[PDB]
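Have a look at the structure below, then the notes.
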Amino acid sequence: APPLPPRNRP
Amino acid sequence: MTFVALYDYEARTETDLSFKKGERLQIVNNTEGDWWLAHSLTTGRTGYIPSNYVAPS
């Protein structure tokens, strides 16, 4: 499975 | 525009949506980054998903 993206920044 | 899950995804935060491969999802909002707020058309649940785990249908 692909690596997960960084969490969203505000 | 609906999306389809290409992989299973297990929630890693209280705000995530867990889903199975083949689930159909509606995007509620994708304005905040690569984690999109989605609604599962399959299960009725809402939450954030990793956008690279789904494909358009």
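Listed in order, the protein sequences are those of chains U and B.
Quick note on my numbering: the first sequence kicks off at 1 and runs consecutively.
Quick note on my numbering: the second sequence kicks off at 1 and runs consecutively.
Where is the CB? At the ideal position from N, CA and C, for every residue including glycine.
Residues in the same chain with beta-carbon distance under 6 Å from residue i, minus the five sequence neighbours each way, listed in chain order, please.
i	result
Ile27(B)	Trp36 and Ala38
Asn30(B)	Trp36
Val4(B)	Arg24, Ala55 and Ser57
Roughly how many angstroms separate the alpha carbons of residue i and residue j, rounded to a whole number?
i	j	result
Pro56(B)	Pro6(U)	21 Å
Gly33(B)	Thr42(B)	24 Å
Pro10(U)	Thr15(B)	15 Å
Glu10(B)	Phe19(B)	7 Å
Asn52(B)	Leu6(B)	9 Å
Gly47(B)	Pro2(U)	19 Å
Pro50(B)	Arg12(B)	11 Å
For residue i, does the count of other Cβ atoms within 10 angstroms reach 16, so buried, or fall short, so exposed?
i	result
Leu17(B)	buried
Leaving out five residues on either side along the sequence, give the residues of the same chain with a beta carbon under 7 Å from the beta carbon of residue i.
i	result
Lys21(B)	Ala5, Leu6, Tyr7 and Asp8
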